[PDB]
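Since the structure comes first, as structure tokens, the remarks are kept for the end.
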Amino acid sequence: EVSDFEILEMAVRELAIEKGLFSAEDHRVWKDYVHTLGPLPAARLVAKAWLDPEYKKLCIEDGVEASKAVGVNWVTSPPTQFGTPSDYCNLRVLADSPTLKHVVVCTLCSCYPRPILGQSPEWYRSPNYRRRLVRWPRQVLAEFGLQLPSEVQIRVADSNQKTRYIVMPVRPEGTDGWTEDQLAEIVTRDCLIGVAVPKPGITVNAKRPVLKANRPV
Amino acid sequence: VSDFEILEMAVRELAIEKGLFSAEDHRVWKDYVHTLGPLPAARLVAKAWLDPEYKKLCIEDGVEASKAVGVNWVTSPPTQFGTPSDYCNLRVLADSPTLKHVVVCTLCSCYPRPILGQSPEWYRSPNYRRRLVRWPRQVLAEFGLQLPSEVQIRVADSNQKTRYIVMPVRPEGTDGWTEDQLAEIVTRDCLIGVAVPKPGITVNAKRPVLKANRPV
Amino acid sequence: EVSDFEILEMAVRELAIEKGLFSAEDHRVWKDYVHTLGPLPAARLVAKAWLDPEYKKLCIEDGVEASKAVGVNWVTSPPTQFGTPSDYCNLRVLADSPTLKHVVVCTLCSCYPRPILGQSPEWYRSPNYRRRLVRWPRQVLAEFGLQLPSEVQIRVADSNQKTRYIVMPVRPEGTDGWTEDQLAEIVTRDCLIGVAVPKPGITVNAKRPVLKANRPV
Amino acid sequence: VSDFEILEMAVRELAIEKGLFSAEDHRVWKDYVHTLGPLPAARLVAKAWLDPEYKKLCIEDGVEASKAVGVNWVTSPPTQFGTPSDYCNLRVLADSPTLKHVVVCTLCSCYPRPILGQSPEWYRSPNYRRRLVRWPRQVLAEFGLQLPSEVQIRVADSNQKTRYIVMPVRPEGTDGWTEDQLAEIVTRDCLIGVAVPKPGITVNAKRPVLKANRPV
Amino acid sequence: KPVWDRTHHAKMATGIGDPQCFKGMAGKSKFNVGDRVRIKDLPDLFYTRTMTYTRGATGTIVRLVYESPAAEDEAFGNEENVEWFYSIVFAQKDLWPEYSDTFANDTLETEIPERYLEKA
Amino acid sequence: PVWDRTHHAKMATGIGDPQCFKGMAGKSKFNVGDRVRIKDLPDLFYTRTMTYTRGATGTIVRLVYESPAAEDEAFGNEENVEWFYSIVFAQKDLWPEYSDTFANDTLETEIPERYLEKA
Amino acid sequence: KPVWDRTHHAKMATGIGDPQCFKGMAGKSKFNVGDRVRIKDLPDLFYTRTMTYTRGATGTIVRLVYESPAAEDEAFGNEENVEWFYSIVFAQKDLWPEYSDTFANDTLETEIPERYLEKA
Amino acid sequence: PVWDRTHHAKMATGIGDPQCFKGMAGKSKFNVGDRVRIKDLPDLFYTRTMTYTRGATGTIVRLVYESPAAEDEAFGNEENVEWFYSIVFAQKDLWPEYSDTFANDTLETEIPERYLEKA
Amino acid sequence: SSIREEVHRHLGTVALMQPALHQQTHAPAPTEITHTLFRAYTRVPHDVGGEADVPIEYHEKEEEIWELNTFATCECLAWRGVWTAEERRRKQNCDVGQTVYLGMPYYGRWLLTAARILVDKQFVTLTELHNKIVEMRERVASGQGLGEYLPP
Amino acid sequence: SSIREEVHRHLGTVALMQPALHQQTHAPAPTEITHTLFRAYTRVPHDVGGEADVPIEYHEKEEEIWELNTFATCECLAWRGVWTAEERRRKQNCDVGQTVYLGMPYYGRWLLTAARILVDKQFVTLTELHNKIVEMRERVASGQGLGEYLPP
Amino acid sequence: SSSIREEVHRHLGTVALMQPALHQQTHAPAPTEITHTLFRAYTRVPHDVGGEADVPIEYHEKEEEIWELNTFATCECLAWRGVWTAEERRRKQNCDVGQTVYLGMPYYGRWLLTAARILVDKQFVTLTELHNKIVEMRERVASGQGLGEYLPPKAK
Amino acid sequence: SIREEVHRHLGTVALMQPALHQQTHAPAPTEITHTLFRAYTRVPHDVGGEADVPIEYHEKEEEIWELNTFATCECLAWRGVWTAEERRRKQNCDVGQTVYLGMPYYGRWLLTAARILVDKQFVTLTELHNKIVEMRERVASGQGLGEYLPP
Ligand SMILES: [Co+3]
Ligand SMILES: [Co+3]
Ligand SMILES: [Co+3]
Ligand SMILES: [Co+3]
């Protein structure tokens, strides 16, 4: 039941290793690093910024420096020790406000802040999302169940170069006295991309269909 | 001269030659069409805003209410039995702070011609007919209209003999306005539901206009 | 399982009978008639014409009259007593000669001399055959394995009105002294359409793929 | 000027600027290309028709035989190692009463340029490349050429470094003809295989000619 | 050759209107306002005015709009049978799987002849 | 509306189609041997005169029979009957690319009188 | 014969990061925060990371993000030249003709290397 | 990275291509007259052994020359050289629909040794 | 402006090159028709509600003189009992078939169908319609004019 | 040969990927319809002679029991005067439209048109046809057989 | 019912296949048939899709395939070890592959093909070595020797 | 002319040939069959045996830019920039299915000539882009344009 993709994957990996381009160890190391990734660090960065005005300022001006606060050093955390080859080392945090709301996309591919947020959603990589968001953001966001006042500036950020973004949504009402953990808990991956906003009681991305893999990880 | 113009002449001459309908009938129908437009529907709305008893009639019996603005769905058309295509069952959909209507004919272009005039080119489009019923919020946003998420957006699909016009809620900033002033801001688009009346706005939103080869 | 086609066929047949359009007997009577059809009569007509110069003249000038000689009366053989509704009553026989070779098609549909030849081939009804024969007969015939001298007149007959045709090919070499039955035996359905010529020892149409039906007759 | 001409100059000037090749090299190659034509190939067939020994050489060693008509596949081109794209392995396919050849390059347009000139537009077409190898009888019939069913039609696909030219059989009606006269009827199309030589026919069959935007 | 009565409709509807001219011909309505009904997925070969998007969905009858022959019959010159027409309101979520819960109150209203209705 | 389901049978029983229309077209406008060009009449809704024959010139080789045109019969109109002709066209006159090598190839088909005009 | 320097990137960026390793290599920036610039429609044969939808549009520089070789060069192994990259904000109405005035404040932010910018 | 733009000219001048590769393939694995079947090797990225020949059997009629496989030459790898063979295929073995009427028709093309296996 | 126009023309042109698995249909056998395809092929063309479509900048369109005349003709034919609007819709928005339904203009279908009803109900023979079209074209071509469409 | 089988499957599959400039048509305005397109859209679908097409290995096909029943029904309807064969051809090979004409099977069109004539000439109401179809489906489901298409 | 609604949605999607169009196949047209607009469109960079019209779709998540993770790790390791930079990868992967493969194949299918591609283009492996490896991999599947974590060796 | 309209009609109706048109938008791996995988990973130039229609073959005058392009490609090979086999692989295969059949024969030759300059780093993509701008300005400024346009 082996597919042509799996056949080719083995061929490529074995050949690269035989020719000494990289070792079997390097490959396992990268996979291990990927397994350590997730959206929690980014969520905690937001919670911390909500609770600390000074840190929020740092997040806005220097995302790379701010990321260190949640244990994610864009330069030294990845195995390379020079940032991941594909995500680079220039994270920027986009702070929403009562008059500004951000949403992110990579129209050219799937550019995502993997080091601090984890792997990108399947739909984020879709030609559809990459075609539509930059031109009809209000409509796409509405499909995701998010609507903002017409006077609010919706800003779409297209990650087309070496910068990667995470969205710092506005802190919702009904979270007075909440701890850092309680706040971070409602800042889902979708909130960090910008297709959703944090809501008390909602601690998981909105449920959507899940396409099963032939041979899942 | 296009193939359409040739065929049109051929069909009309044959119909008249065979006595299916007369030259007079054809002229009379075109004359009737020329009298149509959005003014009577806009007036019905303004009248409803200024007269609660009339508003109640509009909501329960659109056909009867239409008479007050000079449009008798049965006798205004040349047939004396309503237009063959629009029929005689107008219903007025009244918006409220929690309900906003928008109309479409997914099967064609069904429109309340007697009281509203001719349908917009886009209203007849397969695109509008495919999308409005499923993604109304997105389509309306494209028209520049957005409503609170809790408000019930109701799409009305005119698929049988009923035709609809939308009675929008009266907007703020119209204190002491006369019937004429209120009617002025109830445009064709407001009556379809892709726009809401706003003081100072007395014409449909500007859109590209595709020119006809030989316009009326 | 029963297909959508079988569901509709049954609905149509029962409604027609119920409304008195035609009877259950009519339907059975027609199917029985179709079952009696085939290429044998037409093949005999050719065999007879090969052995009787006078009969050949009749075939060429009056196909309907000649057809009676082989037991097929285009007017009274069918259950209607006015010819079949779709095949009509004007059969014409096209006689090949050393300088003339015919091939038939119905570009508008599938028009075929059913009464004397039977049912049309699947390929004869194909949009492909209907599109190409009239314009590239040489190439199409070559595909069927039939080639003729460049100076021989290839004539394509398009059955677009009420006339139906059968091709009377030239008698092949090596048939000296053959009986009517022997000669008729090598005049296959394909020879009567014109995509093949009779050959001693060949008593069946060239073999070609056969698409199986879901529920065959 | 078209986008093609814009890019052509950009590429040529860039290549020369970076010293990849000189303006002189470019002029030299165009000059060489300008001298190419089908005559040498026609003369080779003519000589073979009159010299059984030469014909044997043609069939066994096309490269050697080509020298007899002034075309040295190795030294004639400006490179002194053959043209980069045509290589140096010409083979001559000799037709016979029971064998007739026709050539094509299904992968591209591979043609024996040194001895035949430039390839026909249709020879480079995806259509010719798709159909010839599978339906040769049909394609040839379209070209007006038909051969006995028992005759072996052999299609040659020039997919590697060998280039072919077809040596058709000498046609009837040429008794007593000189080499010069025989050469005149061996056209480019005969050398490809889509046509056969015929007395009195000294040019390829007339067919539509698509004009260029800026020829020369 | 067939003869087509070209005066029938006008004689029946003049001064009355369509569908007013069919009033009272359907008899007793099978359903009433407030009833919950499911749309039957009847065959639609050749013609139908009950959109595919409504098949199998359940809605609420908000009005008995009028009586009239079904379009499926009228479109082929058959007006012998008259039935009640109902205006039905569907929740958008019941029609489109992807509809967002954020817009939970959105609806769709359209008319359907009695033949396509069954108690929910 | 009543559709007569006995008309055709009453007209053709024991006679056949197109035999039942014999003599109804009157005098033929053309004869065997005449050169005729095919008129490009409107095809709207229906026609049995192939597009590939329009504007081409051929030779009448036979007056096959009399019958109402398919353009009328297909819509239940059989009041008018006309002559049908079998016409032979040279392939090179239909297809611009036809090879001179096969200069004798032809195509034969039937066309009602209404589509014909003197060459 | 060709040899590829597989250690160059690592030796240059280890412990520093990308694009940090190119800091100061672009020299003086041609533009500054607040400047209005129009995106030049440079040829994009084979490769470009400056979206077609931005060509000819005018926006405002809101930040000098970093220095780095242009993707057009880096993607073909040419890192000898380094230039400034700018984050630019465009008004949606200036990108899409149909954008509604109702949403007049909507914007789009993206990054573009200096070579594509010219004074507005 | 530097490219040796003089290599080809230096080894091919005054000799030609593929003449410059003569003798570098060693002893041929097959000879004229041998029956061979075309192996359906992976085509990823490039190949000059047409898909229509895969799995078909033909007859070697000539050892045309020696040369690096196109699969290698196209990517700058000319270190290995092999024999090229001209193979003749019966048309009926390539195309299922080929008519028996033209039972003698064939197709000839060249294939490097790597794709050949004794039939 | 000039660049923006090229940008938008480009965005529209690339749509023509959208890759696809394009399967031409040539009267396939019954065994190649699944239930899903059967239902899709026997669908009523006018029922498009819910089908996915893209966002388009809606435009208004001036009414052609022939469109107004066509509309009047269709309503007058109904007024005088040749047909009812429902019969028109069925023939006009469904019977025309998928290809003509989306390939031809809105009013083109109204006009074709008006001509259709005259022939289908035998008020005019197809011959009479065809001859009238020939006469009309000749009228235009000769220079004598064509009603309000072209002066003599 | 499994290899040859994959080769031929490959040659057939790549046809699906043949590049093209694909322009979807969505009710274009009258001004986008040239005379050439007007003629192409109003053509009778069955007139295909001369159209370019590829070589295909012609095959025979077994007759389905429903195809035989369909043919008999069509000829019996003609025999008993419901229609003439010409009326059938016009409705069956032309009125069905381009999409169904090449998308559905030969006998599928014959059958659809037999159902069509019953409704068009009002021998059966569309309601009766729709109801009958429901019946046939219920007959199959309930396991009550279906003629010789399925034993009860 | 659920089955009814399922058939309705299946219908709504199938009819899209029948959307009428003017379909013009292209077969190496002459230069004179190439307008400036067409020239710019054909020479476009495939990955630049922002702003193109598209329909609404119900976005879904997708489980990661073992081979996709392995492919991702391979691509980053090749970059980590200097075989290429991510930018070289993007250009080869999202642009050089061309329009047809770009939208016809899966996201990670392109990542994988391109990883194979860099090995050959930079001459770290010959195309011959790659082709032989693929054959070797297929033989493992057949021989029942299993292949990594995709399929274990023959059991009992 | 009637015949001209007839032939124009026959070609036009081809555009309306019905089909099941499935747009592809980066399908998931589970939607790719072995057959599709082999088809997508095919080498574009291998078209032998593919079904096609009969077409009236025509000759074509050579464009001056085509002659120059051919000379450039052969000169690049002559001077060792590449071999003809490397050209073929890049020109008839690497270009991809769409460009392969959508663009002109020599258009691919030219694009590939520009391609080798960049791929082997003899010129940077920036230099190529700048040059193109220069050529366009040269044409606009009326400064002439080789044998393609006088000053
Ligand atoms: Co990306
Ligand atoms: Co409507
Ligand atoms: Co027929
Ligand atoms: Co070639």
Side-chain angles (χ1 to χ4, degrees), chain B residues 85-87 103-113 119 123-126 128-129 157-164, chain C residues 86-88 104-114 120 124-127 129-130 158-165, chain D residues 85-87 103-113 119 123-126 128-129 157-164, chain E residues 49 51 71 110, chain F residues 48 50 70 109, chain H residues 48 50 70 109, chain I residues 46-49 85-86 88-89 92-94 106 109-110, chain J residues 46-49 85-86 88-89 92-93 106 109-110, chain L residues 45-48 84-85 87-88 91-93 105 108-109:
Chain B
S85 297
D86 312 301
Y87 305 102
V103 187
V104 63
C105 174
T106 64
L107 298 180
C108 46
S109 51
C110 308
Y111 197 81
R113 298 190 180 92
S119 61
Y123 182 89
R124 311 167 186 177
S125 76
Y128 182 75
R129 294 167 47 213
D157 192 350
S158 324
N159 67 324
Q160 304 295 346
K161 291 183 179 180
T162 290
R163 296 295 175 270
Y164 310 97
Chain C
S86 301
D87 313 301
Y88 303 106
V104 188
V105 62
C106 176
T107 63
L108 300 183
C109 51
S110 51
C111 309
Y112 196 81
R114 296 195 181 92
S120 62
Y124 182 89
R125 315 166 181 176
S126 75
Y129 183 70
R130 293 167 48 213
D158 191 352
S159 324
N160 67 321
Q161 306 294 347
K162 296 182 176 183
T163 291
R164 298 293 179 272
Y165 311 99
Chain D
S85 304
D86 310 302
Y87 303 110
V103 189
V104 63
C105 176
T106 64
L107 298 179
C108 48
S109 53
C110 308
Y111 196 80
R113 297 193 183 84
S119 59
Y123 182 85
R124 330 207 282 227
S125 75
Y128 183 73
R129 290 200 281 133
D157 193 347
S158 323
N159 66 323
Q160 305 295 345
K161 291 191 173 68
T162 292
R163 298 294 177 270
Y164 310 98
Chain E
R49 292 194 72 74
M51 302 70 73
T110 194
Chain F
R48 290 195 74 74
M50 301 73 69
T109 194
Chain H
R48 294 196 71 77
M50 302 72 66
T109 188
Chain I
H46 71 175
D47 191 7
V48 308
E86 265 308 309
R88 173 179 62 67
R89 292 190 185 89
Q92 177 194 297
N93 310 318
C94 302
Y106 171 86
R109 296 184 295 99
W110 280 68
Chain J
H46 71 176
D47 187 17
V48 307
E86 265 309 307
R88 175 178 62 65
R89 297 196 181 83
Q92 175 195 298
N93 309 323
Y106 172 89
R109 293 185 296 99
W110 280 68
Chain L
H45 70 176
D46 190 9
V47 306
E85 262 312 296
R87 176 176 59 68
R88 296 195 181 86
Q91 172 197 118
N92 313 317
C93 305
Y105 171 88
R108 296 185 295 99
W109 279 68

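Chain letters run A, B, ... following the sequence lines, proteins first, then strands; residues in each count from 1. For ligands, and for the atoms within them, numbers begin at 1 and follow the listed sequence. Atom set for the values below is all heavy atoms of this structure, side chains included, hydrogens, waters and symmetry mates excluded.
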Is the backbone N or O of B/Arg129 less than 3.5 Å from a side-chain atom of B/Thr106, with the two atoms forming a donor-acceptor pair by type? no
Main-chain N/O of C/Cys111 paired with C/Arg114 side-chain donor or acceptor, under 3.5 Å: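 Checking the backbone N and O of C/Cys111 against the side chain of C/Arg114, no donor-acceptor pair under 3.5 Å is found.
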Under the ring-ring contact (aromatic ring centres under 6.0 Å, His included) test, which residues partner [X], sequence neighbours left out?
X        : answer
C/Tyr112 : C/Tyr124
D/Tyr164 : none
J/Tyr106 : J/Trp110

Heteroatoms of the protein, restricted to N/O/S, which lie under 2.8 Å from the Co ion (ligand 4):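 For the Co ion (ligand 4), the protein N, O and S atoms that sit under 2.8 Å away are D/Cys105 SG, D/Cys108 SG, D/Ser109 N, D/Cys110 N, D/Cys110 SG.
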Rounded to the nearest 0.5 Å, how far does NZ of C/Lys162 lie from CZ of F/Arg48? 10.5 Å
